[PDB]
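Novice: Quick one, final.txt (compact mmCIF, N, CA, C and O atoms and all ligand atoms):
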```txt
# COMPACT_ATOMS: atom_id res chain seq x y z
N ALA A 1 -3.17 -5.99 24.56
CA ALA A 1 -3.88 -6.36 23.30
C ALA A 1 -3.38 -7.80 22.89
O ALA A 1 -2.30 -8.24 23.32
N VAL A 2 -4.22 -8.56 22.10
CA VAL A 2 -3.89 -9.95 21.72
C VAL A 2 -3.36 -10.17 20.31
O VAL A 2 -3.71 -9.46 19.37
N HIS A 3 -2.49 -11.18 20.21
CA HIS A 3 -1.94 -11.64 18.94
C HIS A 3 -2.84 -12.72 18.35
O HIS A 3 -3.21 -13.67 19.05
N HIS A 4 -3.17 -12.58 17.07
CA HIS A 4 -3.89 -13.59 16.31
C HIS A 4 -3.02 -14.07 15.16
O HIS A 4 -2.37 -13.26 14.48
N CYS A 5 -3.01 -15.38 14.93
CA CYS A 5 -2.26 -15.99 13.85
C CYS A 5 -3.18 -16.91 13.06
O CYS A 5 -4.23 -17.34 13.54
N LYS A 6 -2.79 -17.21 11.82
CA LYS A 6 -3.53 -18.17 11.02
C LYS A 6 -2.65 -18.69 9.90
O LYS A 6 -1.74 -18.00 9.44
N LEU A 7 -2.93 -19.91 9.47
CA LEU A 7 -2.20 -20.53 8.38
C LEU A 7 -2.78 -20.07 7.04
O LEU A 7 -4.00 -20.06 6.85
N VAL A 8 -1.90 -19.67 6.13
CA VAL A 8 -2.27 -19.32 4.77
C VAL A 8 -1.39 -20.13 3.82
O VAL A 8 -0.19 -20.29 4.07
N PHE A 9 -1.99 -20.63 2.75
CA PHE A 9 -1.32 -21.57 1.86
C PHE A 9 -1.12 -20.96 0.48
O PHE A 9 -2.01 -20.31 -0.06
N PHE A 10 0.07 -21.18 -0.08
CA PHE A 10 0.46 -20.64 -1.37
C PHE A 10 0.94 -21.77 -2.27
O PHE A 10 1.66 -22.67 -1.82
N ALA A 11 0.55 -21.71 -3.54
CA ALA A 11 0.94 -22.72 -4.52
C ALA A 11 2.18 -22.24 -5.27
O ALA A 11 2.14 -21.20 -5.94
N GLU A 12 3.26 -23.00 -5.18
CA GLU A 12 4.54 -22.59 -5.75
C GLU A 12 5.23 -23.68 -6.57
O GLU A 12 6.00 -24.48 -6.03
N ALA A 13 5.62 -28.37 -7.93
CA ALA A 13 4.89 -27.23 -7.30
C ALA A 13 4.06 -27.68 -6.09
O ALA A 13 2.91 -28.11 -6.21
N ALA A 14 4.67 -27.54 -4.87
CA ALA A 14 3.98 -27.91 -3.64
C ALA A 14 3.09 -26.76 -3.21
O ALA A 14 3.01 -25.73 -3.88
N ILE A 15 2.42 -26.94 -2.08
CA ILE A 15 1.64 -25.89 -1.43
C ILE A 15 2.36 -25.51 -0.15
O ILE A 15 2.66 -26.38 0.68
N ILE A 16 2.66 -24.23 0.01
CA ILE A 16 3.52 -23.77 1.09
C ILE A 16 2.68 -23.16 2.21
O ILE A 16 1.89 -22.26 1.96
N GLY A 17 2.85 -23.66 3.44
CA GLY A 17 2.21 -23.06 4.60
C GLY A 17 2.87 -21.97 5.06
O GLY A 17 4.06 -22.00 5.20
N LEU A 18 2.13 -20.89 5.32
CA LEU A 18 2.70 -19.67 5.89
C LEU A 18 1.88 -19.20 7.09
O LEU A 18 0.66 -19.27 7.07
N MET A 19 2.56 -18.70 8.11
CA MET A 19 1.90 -18.20 9.31
C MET A 19 1.76 -16.69 9.19
O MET A 19 2.75 -15.99 8.97
N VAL A 20 0.53 -16.20 9.31
CA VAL A 20 0.23 -14.77 9.24
C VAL A 20 -0.34 -14.34 10.58
O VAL A 20 -1.37 -14.87 11.01
N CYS A 21 0.32 -13.38 11.22
CA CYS A 21 -0.07 -12.93 12.54
C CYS A 21 -0.25 -11.42 12.56
O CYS A 21 0.53 -10.68 11.95
N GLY A 22 -1.26 -10.98 13.29
CA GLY A 22 -1.48 -9.56 13.51
C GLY A 22 -1.96 -9.33 14.93
O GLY A 22 -2.46 -10.24 15.60
N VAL A 23 -1.80 -8.09 15.38
CA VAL A 23 -2.21 -7.72 16.72
C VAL A 23 -3.62 -7.16 16.72
O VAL A 23 -3.83 -6.01 16.35
N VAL A 24 -4.60 -7.96 17.14
CA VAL A 24 -6.01 -7.61 17.27
C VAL A 24 -6.09 -7.19 18.73
O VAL A 24 -6.60 -7.91 19.58
N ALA B 1 13.48 -27.19 12.51
CA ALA B 1 13.84 -26.21 11.44
C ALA B 1 13.93 -24.76 12.01
O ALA B 1 13.84 -24.52 13.21
N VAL B 2 14.11 -23.77 11.07
CA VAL B 2 14.22 -22.36 11.44
C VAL B 2 13.14 -21.54 10.74
O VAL B 2 12.90 -21.68 9.54
N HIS B 3 12.49 -20.66 11.50
CA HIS B 3 11.44 -19.80 10.98
C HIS B 3 12.04 -18.50 10.46
O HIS B 3 12.87 -17.87 11.14
N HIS B 4 11.64 -18.10 9.26
CA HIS B 4 12.03 -16.82 8.68
C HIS B 4 10.78 -15.96 8.55
O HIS B 4 9.83 -16.35 7.87
N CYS B 5 10.78 -14.81 9.22
CA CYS B 5 9.63 -13.94 9.27
C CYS B 5 9.95 -12.60 8.61
O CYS B 5 11.12 -12.25 8.42
N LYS B 6 8.90 -11.86 8.28
CA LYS B 6 9.07 -10.54 7.70
C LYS B 6 7.81 -9.72 7.93
O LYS B 6 6.71 -10.27 8.01
N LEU B 7 7.99 -8.41 8.01
CA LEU B 7 6.88 -7.49 8.15
C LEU B 7 6.34 -7.11 6.78
O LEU B 7 7.11 -6.84 5.85
N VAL B 8 5.02 -7.11 6.65
CA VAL B 8 4.35 -6.66 5.44
C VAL B 8 3.27 -5.67 5.84
O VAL B 8 2.57 -5.87 6.84
N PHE B 9 3.15 -4.59 5.07
CA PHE B 9 2.26 -3.50 5.40
C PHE B 9 1.26 -3.27 4.28
O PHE B 9 1.61 -3.31 3.10
N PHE B 10 0.01 -3.05 4.67
CA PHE B 10 -1.06 -2.68 3.75
C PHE B 10 -1.47 -1.26 4.10
O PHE B 10 -2.15 -1.02 5.10
N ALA B 11 -1.03 -0.30 3.28
CA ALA B 11 -1.40 1.10 3.47
C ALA B 11 -2.82 1.29 2.94
O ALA B 11 -3.03 1.42 1.73
N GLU B 12 -3.79 1.31 3.84
CA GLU B 12 -5.20 1.29 3.45
C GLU B 12 -5.99 2.54 3.85
O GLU B 12 -7.16 2.44 4.24
N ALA B 13 -4.70 8.22 6.87
CA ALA B 13 -5.05 6.80 6.59
C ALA B 13 -4.74 5.92 7.83
O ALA B 13 -4.54 6.42 8.94
N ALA B 14 -4.71 4.57 7.61
CA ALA B 14 -4.42 3.61 8.66
C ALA B 14 -3.63 2.47 8.03
O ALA B 14 -4.11 1.80 7.12
N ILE B 15 -2.41 2.27 8.51
CA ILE B 15 -1.48 1.30 7.96
C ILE B 15 -1.58 0.02 8.77
O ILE B 15 -1.49 0.05 10.01
N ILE B 16 -1.76 -1.11 8.09
CA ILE B 16 -1.99 -2.39 8.75
C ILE B 16 -0.73 -3.24 8.71
O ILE B 16 -0.35 -3.71 7.63
N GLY B 17 -0.08 -3.46 9.85
CA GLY B 17 1.09 -4.32 9.92
C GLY B 17 0.76 -5.62 10.13
O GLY B 17 -0.10 -5.91 10.92
N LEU B 18 1.42 -6.52 9.41
CA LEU B 18 1.27 -7.95 9.63
C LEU B 18 2.64 -8.62 9.57
O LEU B 18 3.56 -8.10 8.95
N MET B 19 2.76 -9.77 10.21
CA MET B 19 3.98 -10.56 10.17
C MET B 19 3.68 -11.89 9.48
O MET B 19 2.63 -12.49 9.71
N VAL B 20 4.61 -12.32 8.63
CA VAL B 20 4.46 -13.54 7.84
C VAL B 20 5.69 -14.40 8.06
O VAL B 20 6.81 -13.95 7.81
N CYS B 21 5.48 -15.63 8.50
CA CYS B 21 6.56 -16.53 8.88
C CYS B 21 6.46 -17.82 8.08
O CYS B 21 5.39 -18.44 8.02
N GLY B 22 7.57 -18.20 7.46
CA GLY B 22 7.68 -19.50 6.82
C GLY B 22 8.83 -20.27 7.43
O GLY B 22 9.74 -19.67 8.01
N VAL B 23 8.82 -21.59 7.30
CA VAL B 23 9.81 -22.43 7.96
C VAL B 23 10.72 -23.12 6.94
O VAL B 23 10.23 -23.75 6.00
N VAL B 24 12.02 -22.99 7.12
CA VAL B 24 13.23 -23.46 6.45
C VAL B 24 13.99 -24.42 7.36
O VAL B 24 14.94 -24.02 8.03
CL CL C 1 9.29 -15.63 3.47
```
Please rewrite the model in this file as structure tokens.
Ligand SMILES: [Cl-]

Specialist:
Amino acid sequence: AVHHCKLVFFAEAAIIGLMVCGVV
Amino acid sequence: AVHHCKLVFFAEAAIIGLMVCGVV
């Protein structure tokens, strides 16, 4: 099975990049 | 830098695991 990742951004005041990965 | 990751779960049954990584 394959891993998928994507960048998600959060406002904290900079904007923080976060990597979100799941197994599709 | 160093990546800090953690498991997050959405109990929706069927539980959806995801991994979230930010960089320090
Ligand atoms: Cl974190």

Novice: Please give chain A as a CSV table (one decimal) with N, CA, C and O atoms, in the frame of the given file, after it has been superposed on chain B by least squares over all Cα atoms paired in order.

Specialist:
```
chain,number,residue,atom,x,y,z
A,1,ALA,N,14.3,-27.7,11.4
A,1,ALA,CA,14.2,-26.6,10.4
A,1,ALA,C,13.9,-25.3,11.1
A,1,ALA,O,13.3,-25.3,12.2
A,2,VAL,N,14.2,-24.1,10.5
A,2,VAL,CA,14.0,-22.8,11.2
A,2,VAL,C,12.8,-22.0,10.6
A,2,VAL,O,12.4,-22.0,9.5
A,3,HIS,N,12.2,-21.2,11.6
A,3,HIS,CA,11.1,-20.3,11.3
A,3,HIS,C,11.7,-18.9,10.9
A,3,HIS,O,12.6,-18.4,11.7
A,4,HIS,N,11.3,-18.3,9.8
A,4,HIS,CA,11.6,-17.0,9.5
A,4,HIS,C,10.3,-16.1,9.4
A,4,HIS,O,9.3,-16.6,8.9
A,5,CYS,N,10.4,-14.9,10.0
A,5,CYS,CA,9.3,-14.0,10.0
A,5,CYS,C,9.8,-12.6,9.4
A,5,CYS,O,11.0,-12.3,9.4
A,6,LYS,N,8.8,-11.8,9.0
A,6,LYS,CA,9.2,-10.5,8.5
A,6,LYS,C,7.9,-9.6,8.6
A,6,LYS,O,6.8,-10.1,8.4
A,7,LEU,N,8.1,-8.3,8.8
A,7,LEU,CA,7.0,-7.3,8.8
A,7,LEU,C,6.7,-6.9,7.3
A,7,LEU,O,7.5,-6.7,6.5
A,8,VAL,N,5.4,-7.0,7.0
A,8,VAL,CA,4.9,-6.5,5.7
A,8,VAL,C,3.7,-5.5,6.0
A,8,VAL,O,2.9,-5.7,6.9
A,9,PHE,N,3.7,-4.4,5.2
A,9,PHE,CA,2.8,-3.3,5.5
A,9,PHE,C,1.8,-3.1,4.4
A,9,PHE,O,2.1,-3.2,3.2
A,10,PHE,N,0.6,-2.9,4.8
A,10,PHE,CA,-0.6,-2.7,3.9
A,10,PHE,C,-1.3,-1.4,4.1
A,10,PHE,O,-1.4,-1.0,5.3
A,11,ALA,N,-1.6,-0.7,3.1
A,11,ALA,CA,-2.3,0.6,3.2
A,11,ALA,C,-3.8,0.3,3.1
A,11,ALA,O,-4.4,-0.2,2.1
A,12,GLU,N,-4.5,0.7,4.2
A,12,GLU,CA,-6.0,0.4,4.3
A,12,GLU,C,-6.8,1.7,4.7
A,12,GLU,O,-7.0,1.9,5.9
A,13,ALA,N,-7.1,6.2,6.4
A,13,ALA,CA,-6.3,5.1,5.8
A,13,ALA,C,-4.9,5.0,6.4
A,13,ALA,O,-4.0,5.6,5.9
A,14,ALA,N,-4.8,4.1,7.5
A,14,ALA,CA,-3.4,3.9,8.1
A,14,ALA,C,-2.7,2.9,7.3
A,14,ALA,O,-3.2,2.4,6.3
A,15,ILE,N,-1.5,2.6,7.7
A,15,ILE,CA,-0.7,1.5,7.2
A,15,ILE,C,-0.6,0.4,8.2
A,15,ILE,O,-0.2,0.7,9.4
A,16,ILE,N,-1.0,-0.8,7.9
A,16,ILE,CA,-1.1,-1.9,8.8
A,16,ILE,C,0.1,-2.8,8.8
A,16,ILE,O,0.4,-3.3,7.7
A,17,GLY,N,0.7,-3.1,9.9
A,17,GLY,CA,1.7,-4.0,10.0
A,17,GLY,C,1.3,-5.3,10.1
A,17,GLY,O,0.4,-5.6,10.9
A,18,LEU,N,1.8,-6.2,9.3
A,18,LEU,CA,1.5,-7.6,9.4
A,18,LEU,C,2.7,-8.5,9.5
A,18,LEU,O,3.7,-8.2,8.8
A,19,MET,N,2.7,-9.6,10.3
A,19,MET,CA,3.8,-10.5,10.4
A,19,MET,C,3.6,-11.7,9.5
A,19,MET,O,2.5,-12.3,9.6
A,20,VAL,N,4.6,-11.9,8.7
A,20,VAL,CA,4.5,-13.1,7.7
A,20,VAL,C,5.7,-14.0,8.1
A,20,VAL,O,6.8,-13.6,8.0
A,21,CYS,N,5.3,-15.3,8.4
A,21,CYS,CA,6.3,-16.2,8.8
A,21,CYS,C,6.2,-17.5,7.9
A,21,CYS,O,5.1,-17.9,7.6
A,22,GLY,N,7.3,-18.1,7.6
A,22,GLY,CA,7.4,-19.3,6.9
A,22,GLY,C,8.5,-20.2,7.4
A,22,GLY,O,9.5,-19.7,8.1
A,23,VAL,N,8.4,-21.5,7.2
A,23,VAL,CA,9.5,-22.4,7.7
A,23,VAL,C,10.5,-22.6,6.6
A,23,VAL,O,10.3,-23.4,5.6
A,24,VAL,N,11.7,-22.0,6.7
A,24,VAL,CA,12.8,-22.1,5.9
A,24,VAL,C,13.6,-23.2,6.6
A,24,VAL,O,14.7,-22.9,7.2
```

Novice: Go through chain A and collect every residue that DSSP, computed from the backbone, puts in strand (DSSP E or B); the answer should be as a list in words.

Specialist: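 In chain A, DSSP puts these residues in strand (DSSP E or B): residues 3, 4, 5, 6, 7, 8, 9, 10, 11, 15, 16, 17, 18, 19, 20, 21, 22 and 23 of chain A.
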
Novice: Enter the distance from atom N of residue 5 in chain A to CA of residue 24 in chain B, in Å, rounded to one decimal.

Specialist: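 Rounded to one decimal, the two atoms are 20.0 Å apart.
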
Novice: What do you get as an NGL selection string if you pick all residues at most 8 Å from ligand CL 1 (chain C), counting all atoms listed in the file?

Specialist: :B and (4-6 or 20-23)

Novice: At what distance in Å, to one decimal, does CA of residue 11 in chain A lie from CA of residue 17 in chain B?

Specialist: 23.4 Å

Novice: Could you check which of B:8, B:19, B:1, B:13 is closest to chain A, using only N, CA, C and O atoms?

Specialist: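 Looking only at the distances to chain A, the closest residue turns out to be B:19.
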
Novice: Quick check, in Å to one decimal: how far apart do atom C of residue 18 in chain A and atom C of residue 18 in chain B lie?

Specialist: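 It comes out at 10.9 Å.
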